[PDB]
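Only one structure is covered here, and it is reproduced in the block below.
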Amino acid sequence: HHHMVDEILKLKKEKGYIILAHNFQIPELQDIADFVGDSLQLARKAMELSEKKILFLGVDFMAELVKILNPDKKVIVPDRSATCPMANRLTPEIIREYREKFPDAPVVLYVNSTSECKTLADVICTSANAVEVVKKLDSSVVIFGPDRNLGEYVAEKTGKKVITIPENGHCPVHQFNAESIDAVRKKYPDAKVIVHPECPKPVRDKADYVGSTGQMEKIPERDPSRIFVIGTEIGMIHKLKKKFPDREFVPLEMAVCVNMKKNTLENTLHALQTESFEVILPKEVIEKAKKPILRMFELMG
Ligand SMILES: O=C(O)c1ccc(S)nc1C(=O)O
Ligand code: SF4
Ligand SMILES: [Cl-]
């Protein structure tokens, strides 16, 4: 690890790579990254860079997001199989089926979606902006995927009708038990519970705050509470504890995204040695997927 970390830092400098790491990476990889953040934060950061080579540490749809918004940069990932099972359950066939049945409902796709699915979306959204995006659409009905929990949250906050696809679209990592909140309230009476909107409704409704990872790291800037209980993937505990060393961050439960943990010091070192595996999308996919991303930027403009 001493070897691997030094060799990584050496090869990144030597070959002109910037390392971008998602919040759900292992701490060792967060610590060697130039920037750690959420998928949109990392894509927007990449647009600002003078460097034309990126080593991306996350899962495929996010690396592809970076590539869509930075087509002329070389983007490589250490494990080409790192993917989002939830994203992968939504298909072009299901989107087209639902557009045909509800032709007046805009297709709002969570950024946790395949690039192919993005080519068919009317607008992209993040967990932070989903409510605001859906509020600003003309329609009082939207098609939303692939996360049924976030879709239902959006319906609650907007009062709009949200038709969720696919059937039972969810993120296994965020299926905490509401009983975990009951238990931490007893154990740390003054702790603030922050959970993800991908969490099920009973968990959301028992939390002090519901928010994206990006929103979670901003809450201690306005809430002086000593202890925060965190209902997301375990990588966020490391991120939060680094940003706010003066507070305590307690996992609601241990929750690990197996795909996020496919990236390691070893295979990150192999990626810089070989300059593989490059993220390549057909130009047509990039052009089409860009349209609902730009719409998102326009709506949040
Ligand atoms: O930031 C978020 O809340 C979030 C949660 C899960 C996953 S895979 N990604 C993200 C994100 O980068 O937006
Ligand atoms: S944490 Fe959930 S939403 Fe994020 S990549 Fe892993 S399975 Fe997909
Ligand atoms: Cl570019």
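In the structure tokens, chains take the letters A, B, ... in the order shown, each chain's residues start at 1, and ligands count up from 1 in the order shown.
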For the interface of chain A with ligand 2 (cut-off 7 Å, counting only C-alpha atoms and all ligand atoms), please tabulate each contacting residue of chain A alongside its nearest pair of atoms and their separation in Å to one decimal, rows sorted by chain and increasing number, as a Markdown table.
```
| residue | atom | partner | partner_atom_place_in_ligand_line | distance |
| --- | --- | --- | --- | --- |
| A:59 | CA | ligand 2 | 5 (S) | 6.3 |
| A:83 | CA | ligand 2 | 5 (S) | 6.3 |
| A:84 | CA | ligand 2 | 8 (Fe) | 3.7 |
| A:85 | CA | ligand 2 | 7 (S) | 5.5 |
| A:86 | CA | ligand 2 | 8 (Fe) | 5.2 |
| A:87 | CA | ligand 2 | 8 (Fe) | 6.3 |
| A:112 | CA | ligand 2 | 3 (S) | 6.1 |
| A:171 | CA | ligand 2 | 2 (Fe) | 4.2 |
| A:172 | CA | ligand 2 | 7 (S) | 6.1 |
| A:173 | CA | ligand 2 | 2 (Fe) | 5.3 |
| A:174 | CA | ligand 2 | 2 (Fe) | 6.8 |
| A:233 | CA | ligand 2 | 1 (S) | 6.3 |
| A:257 | CA | ligand 2 | 6 (Fe) | 4.6 |
| A:258 | CA | ligand 2 | 6 (Fe) | 7.0 |
| A:259 | CA | ligand 2 | 6 (Fe) | 6.0 |
| A:260 | CA | ligand 2 | 6 (Fe) | 6.1 |
```
Go ahead and write the selection's residues with N, CA and C atoms as a compact mmCIF listing (two decimals), in the first residue's frame.
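File written: result04.txt
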```txt
# COMPACT_ATOMS: atom_id res chain seq x y z
N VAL A 59 -18.34 3.87 -10.84
CA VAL A 59 -18.96 2.81 -11.66
C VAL A 59 -19.25 3.40 -13.03
N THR A 83 -20.34 -1.37 -12.20
CA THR A 83 -21.61 -0.96 -12.78
C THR A 83 -22.63 -0.77 -11.65
N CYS A 84 -23.81 -0.29 -11.99
CA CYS A 84 -24.92 -0.10 -11.04
C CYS A 84 -26.03 -1.08 -11.40
N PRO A 85 -26.27 -2.13 -10.59
CA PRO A 85 -27.30 -3.10 -10.93
C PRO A 85 -28.68 -2.43 -11.09
N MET A 86 -28.97 -1.43 -10.27
CA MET A 86 -30.26 -0.70 -10.32
C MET A 86 -30.39 0.00 -11.67
N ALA A 87 -29.34 0.70 -12.12
CA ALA A 87 -29.38 1.39 -13.41
C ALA A 87 -29.71 0.33 -14.47
N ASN A 112 -28.35 7.93 -12.18
CA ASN A 112 -27.99 6.51 -11.98
C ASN A 112 -28.82 5.70 -12.98
N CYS A 171 -32.28 0.73 -4.98
CA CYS A 171 -30.85 0.54 -4.68
C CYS A 171 -30.73 -0.30 -3.42
N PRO A 172 -30.17 -1.53 -3.50
CA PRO A 172 -30.12 -2.46 -2.36
C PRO A 172 -29.34 -1.87 -1.18
N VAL A 173 -28.37 -1.02 -1.51
CA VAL A 173 -27.46 -0.41 -0.52
C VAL A 173 -28.26 0.48 0.45
N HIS A 174 -29.34 1.11 0.00
CA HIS A 174 -30.07 2.10 0.82
C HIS A 174 -31.31 1.49 1.49
N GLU A 233 -24.11 4.83 1.80
CA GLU A 233 -23.03 3.87 1.59
C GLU A 233 -21.83 4.32 2.46
N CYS A 257 -21.60 -0.91 -1.26
CA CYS A 257 -21.90 -1.13 -2.69
C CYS A 257 -20.78 -1.99 -3.27
N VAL A 258 -21.10 -3.24 -3.60
CA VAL A 258 -20.09 -4.21 -4.04
C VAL A 258 -19.41 -3.68 -5.30
N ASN A 259 -20.17 -3.11 -6.22
CA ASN A 259 -19.58 -2.58 -7.46
C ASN A 259 -18.61 -1.43 -7.19
N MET A 260 -18.95 -0.52 -6.27
CA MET A 260 -18.04 0.57 -5.89
C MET A 260 -16.75 -0.01 -5.31
```
Backbone DSSP call of strand (DSSP E) for region 23-261 of chain A, listed as JSON, numbers by chain: {"A": [35, 36, 37, 53, 54, 55, 56, 57, 74, 75, 76, 107, 108, 109, 110, 123, 124, 125, 141, 142, 143, 144, 145, 161, 162, 163, 164, 192, 193, 194, 195, 209, 210, 227, 228, 229, 230, 231, 248, 249, 250, 251]}
Per-residue nearest contacts region 195-289 of chain A to region 22-44 of chain A, cut-off 7 Å, using only C-alpha atoms, as CSV:
```
residue,atom,partner,partner_atom,distance
A:213,CA,A:38,CA,6.9
A:214,CA,A:38,CA,6.4
A:233,CA,A:24,CA,6.3
A:234,CA,A:24,CA,6.9
A:235,CA,A:24,CA,4.2
A:236,CA,A:23,CA,5.6
A:238,CA,A:27,CA,6.3
A:239,CA,A:23,CA,6.6
A:260,CA,A:25,CA,5.9
A:261,CA,A:25,CA,6.4
A:265,CA,A:29,CA,6.7
```
Go ahead and save the residues from that selection, with N, CA and C atoms, as a compact mmCIF listing (two decimals), in the first residue's frame.
```txt
# COMPACT_ATOMS: atom_id res chain seq x y z
N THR A 213 -25.68 12.73 -1.14
CA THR A 213 -24.37 12.79 -0.47
C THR A 213 -23.86 14.24 -0.46
N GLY A 214 -24.01 14.95 -1.58
CA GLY A 214 -23.58 16.35 -1.70
C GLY A 214 -24.29 17.21 -0.67
N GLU A 233 -24.11 4.83 1.80
CA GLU A 233 -23.03 3.87 1.59
C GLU A 233 -21.83 4.32 2.46
N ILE A 234 -21.10 3.35 2.99
CA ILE A 234 -20.12 3.52 4.09
C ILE A 234 -19.00 4.49 3.66
N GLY A 235 -18.74 4.60 2.35
CA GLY A 235 -17.67 5.50 1.89
C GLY A 235 -17.90 6.95 2.31
N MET A 236 -19.15 7.32 2.52
CA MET A 236 -19.47 8.72 2.89
C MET A 236 -18.97 9.05 4.30
N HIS A 238 -16.11 8.27 5.68
CA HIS A 238 -14.71 8.71 5.55
C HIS A 238 -14.70 10.14 5.03
N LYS A 239 -15.47 10.41 3.98
CA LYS A 239 -15.57 11.74 3.35
C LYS A 239 -15.97 12.77 4.42
N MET A 260 -18.95 -0.52 -6.27
CA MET A 260 -18.04 0.57 -5.89
C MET A 260 -16.75 -0.01 -5.31
N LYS A 261 -16.85 -1.14 -4.59
CA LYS A 261 -15.65 -1.73 -3.94
C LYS A 261 -14.83 -2.59 -4.89
N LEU A 265 -6.52 -0.35 -4.73
CA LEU A 265 -5.18 0.21 -4.99
C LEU A 265 -4.48 -0.57 -6.12
```
All residues having an atom within 6 Å of ligand 3 (only C-alpha atoms and all ligand atoms) as a ChimeraX atom specification: /A:70-73
Which of region 124-160 of chain A fall in alpha helix (DSSP H), as a list in words: residues 130, 131, 132, 133, 134, 135, 136, 148, 149, 150, 151, 152, 153, 154, 155, 156, 157 and 158 of chain A
Exercise: region 187-199 of chain A partners within 7 Å, only C-alpha atoms, chain neighbours under 2 positions left out, as a ChimeraX atom specification: /A:127,147,149-150,153,171,174-176,183-185,201,203-204,207-212,216,225,227-232
Preceding selection exported with N, CA and C atoms as a compact mmCIF listing (two decimals), in the first residue's frame:
```
# COMPACT_ATOMS: atom_id res chain seq x y z
N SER A 127 -30.11 13.17 -7.22
CA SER A 127 -30.89 13.07 -5.97
C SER A 127 -31.07 14.46 -5.34
N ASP A 147 -35.20 4.61 -9.94
CA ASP A 147 -35.31 4.39 -8.48
C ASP A 147 -36.73 4.75 -8.04
N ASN A 149 -38.00 4.64 -4.97
CA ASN A 149 -37.96 5.43 -3.72
C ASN A 149 -37.75 6.91 -4.04
N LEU A 150 -36.73 7.25 -4.83
CA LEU A 150 -36.52 8.67 -5.15
C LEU A 150 -37.75 9.22 -5.91
N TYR A 153 -40.45 9.99 -3.33
CA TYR A 153 -40.00 11.19 -2.62
C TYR A 153 -40.36 12.42 -3.47
N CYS A 171 -32.28 0.73 -4.98
CA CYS A 171 -30.85 0.54 -4.68
C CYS A 171 -30.73 -0.30 -3.42
N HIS A 174 -29.34 1.11 0.00
CA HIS A 174 -30.07 2.10 0.82
C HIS A 174 -31.31 1.49 1.49
N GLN A 175 -31.50 0.17 1.48
CA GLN A 175 -32.67 -0.44 2.13
C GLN A 175 -32.33 -0.68 3.61
N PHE A 176 -32.15 0.40 4.36
CA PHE A 176 -32.00 0.35 5.82
C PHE A 176 -33.37 0.01 6.41
N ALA A 183 -33.28 2.68 17.21
CA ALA A 183 -32.14 2.27 18.05
C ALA A 183 -31.13 3.40 18.24
N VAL A 184 -30.77 4.20 17.22
CA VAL A 184 -29.75 5.27 17.40
C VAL A 184 -30.33 6.45 18.16
N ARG A 185 -31.64 6.69 18.04
CA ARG A 185 -32.29 7.77 18.82
C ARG A 185 -32.12 7.50 20.32
N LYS A 201 -39.51 4.86 2.45
CA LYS A 201 -40.28 5.97 3.02
C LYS A 201 -40.24 5.93 4.55
N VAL A 203 -37.95 5.08 6.52
CA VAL A 203 -36.61 5.55 6.93
C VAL A 203 -36.53 7.06 6.71
N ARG A 204 -36.95 7.52 5.52
CA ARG A 204 -36.94 8.95 5.20
C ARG A 204 -37.72 9.70 6.28
N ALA A 207 -36.14 10.38 9.69
CA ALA A 207 -34.84 11.08 9.67
C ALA A 207 -35.06 12.55 10.02
N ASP A 208 -34.00 13.21 10.49
CA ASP A 208 -34.00 14.66 10.69
C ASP A 208 -33.86 15.36 9.34
N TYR A 209 -33.01 14.80 8.46
CA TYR A 209 -32.74 15.34 7.11
C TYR A 209 -32.77 14.22 6.07
N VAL A 210 -33.29 14.55 4.89
CA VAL A 210 -33.20 13.65 3.73
C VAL A 210 -32.39 14.40 2.69
N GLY A 211 -31.36 13.78 2.14
CA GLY A 211 -30.50 14.48 1.19
C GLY A 211 -29.55 13.55 0.46
N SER A 212 -29.08 14.04 -0.68
CA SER A 212 -28.00 13.43 -1.47
C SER A 212 -26.71 13.43 -0.66
N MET A 216 -25.67 16.01 2.24
CA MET A 216 -25.18 15.53 3.54
C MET A 216 -23.89 16.26 3.94
N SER A 225 -24.61 20.32 15.44
CA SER A 225 -24.73 19.03 16.17
C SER A 225 -23.39 18.30 16.19
N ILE A 227 -23.00 14.99 16.76
CA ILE A 227 -23.10 13.63 16.19
C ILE A 227 -24.13 13.61 15.05
N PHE A 228 -23.72 13.03 13.92
CA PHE A 228 -24.62 12.76 12.79
C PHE A 228 -24.63 11.27 12.49
N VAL A 229 -25.83 10.72 12.33
CA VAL A 229 -26.02 9.33 11.89
C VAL A 229 -26.32 9.38 10.40
N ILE A 230 -25.64 8.55 9.62
CA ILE A 230 -25.60 8.69 8.15
C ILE A 230 -26.19 7.44 7.48
N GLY A 231 -27.33 7.62 6.81
CA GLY A 231 -27.99 6.55 6.06
C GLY A 231 -27.61 6.62 4.59
N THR A 232 -26.35 6.30 4.29
CA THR A 232 -25.92 6.00 2.90
C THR A 232 -24.77 4.99 2.94
```
